[PDB]
Amino acid sequence: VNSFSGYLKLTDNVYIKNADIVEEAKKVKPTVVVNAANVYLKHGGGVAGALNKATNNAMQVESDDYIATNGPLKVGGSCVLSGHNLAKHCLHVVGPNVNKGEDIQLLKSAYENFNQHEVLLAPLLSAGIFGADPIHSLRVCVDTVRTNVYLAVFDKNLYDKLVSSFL
Ligand SMILES: CNC(=O)Nc1ccc(C(=O)N[C@H]2c3ccccc3C[C@@H]2C(=O)O)cc1
């Protein structure tokens with residue numbers, strides 16, 4: 001039993017809710033919140049900008065030190081950093097950005113990072129400003145992630161479309 005509330009169950013291990021991931025993180029304090037990161041951990045907009053703003057820029061400060069030490073992430077890769085006031089940990093995962101021309105097949109590799117964590121609160125990777133089809137992202141999530149994932153979808157219209165079209 002966990003504290004996630006109001007989710008629709010899609011499969012054995014995937015759950016979905018129309019919610020603001022920032023507000024959801026603030027209320028649940030999950031062990032892991034996933035950030036829709038880029039390789040430079042520059043949290044300017046989308047989910048990343050929202051999560052970082054909610055940390056009063058502490059996420060960005062920590063991220064800049066991480067990059068200065070380790071260099072950029074790979075597309076499809078991830079790193080674990082602090083969750084600050086939102087979660088115990090933040091798993092920064094880089095899905096391909098279609099608006100940068102990155103290979104969508106890398107979306108499966110990106111979701112594989114979730115399997116290293118038993119339970120996660122997450123957005124749909126590569127959705128929103130990353131330019132992928134969220135219906136496709138949900139399909140890859142369901143077919144790749146085996147651990148327990150609670151997906152937060154900010155847009156109610158998109159949420160309803162994702163549920164209604166789910167196979
Ligand atoms: C004050 N609170 C807030 O600003 N919250 C806030 C702001 C923006 C987003 C967002 O862009 N999310 C989408 C996003 C972004 C980048 C990559 C993939 C996805 C999928 C997400 C979705 O469409 O569900 C989510 C929450």
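Nothing in this text is a laboratory measurement; each read-out follows from the coordinates by a stated rule. So basically every Cβ, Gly included, is an ideal-geometry build from the backbone, and we count neighbours across all protein chains shown.
With respect to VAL47, is the statement that it is under 26 Å from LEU167 (Cβ atoms) and surrounded by 18 or more Cβ atoms within 10 Å (Cβ to Cβ) true?
yes
Here's the yes/no breakdown for (1) crowded, with 22+ Cβ neighbours inside 10 Å; (2) among the basic types (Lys, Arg); (3) more than 14 Å from the ligand (Cβ to nearest atom):
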| residue | (1), (2), (3) |
| --- | --- |
| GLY71 | no, no, yes |
| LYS74 | no, yes, yes |
| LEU86 | yes, no, no |
| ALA110 | yes, no, no |
| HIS117 | no, no, yes |
| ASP133 | no, no, no |
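Out of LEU158, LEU121, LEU151, which single residue is in a helix (DSSP H, G or I) and closer than 18 Å to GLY46 by Cβ?
Exactly one of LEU158, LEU121, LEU151 is in a helix (DSSP H, G or I) and closer than 18 Å to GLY46 by Cβ, namely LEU158.
Restricting attention to segment 58-90, and to residues there that are closer than 18 Å to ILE21 by Cα and in a helix (DSSP H, G or I), which single residue is farthest from the chain's Cα centre (by Cα)?
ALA58
Tell me which of these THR147 doesn't satisfy, since it passes every other one: (1) under 18 Å from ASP12 (Cα atoms); (2) under 13 Å from the mean Cα position of the chain (by Cα).
(2)
Here is a list of conditions, (1) more than 10 Å from the ligand (Cβ to nearest atom); (2) touching a residue at least 12 places away in the same chain (Cβ under 8 Å); (3) surrounded by fewer than 18 Cβ atoms within 10 Å (Cβ to Cβ), and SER63 meets all of them except one; can you say which number that is?
For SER63, the exception is condition (3).
Please enumerate the residues belonging to segment 127-159 that are farther than 23 Å from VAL32 by Cα and touching a residue at least 60 places away in the same chain (Cβ under 8 Å).
Scanning segment 127-159 gives a single hit, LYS156.
Spot the failing condition for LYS9; the list is (1) in contact (Cβ under 8 Å) with a residue 60 or more places away in the chain; (2) in contact with a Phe, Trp or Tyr (Cβ under 8 Å, 6 or more places away or on another chain); (3) of a type in the set (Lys, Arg), and only one is missed.
Checking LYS9 against (1) in contact (Cβ under 8 Å) with a residue 60 or more places away in the chain; (2) in contact with a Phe, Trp or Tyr (Cβ under 8 Å, 6 or more places away or on another chain); (3) of a type in the set (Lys, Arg), the one that fails is (1).
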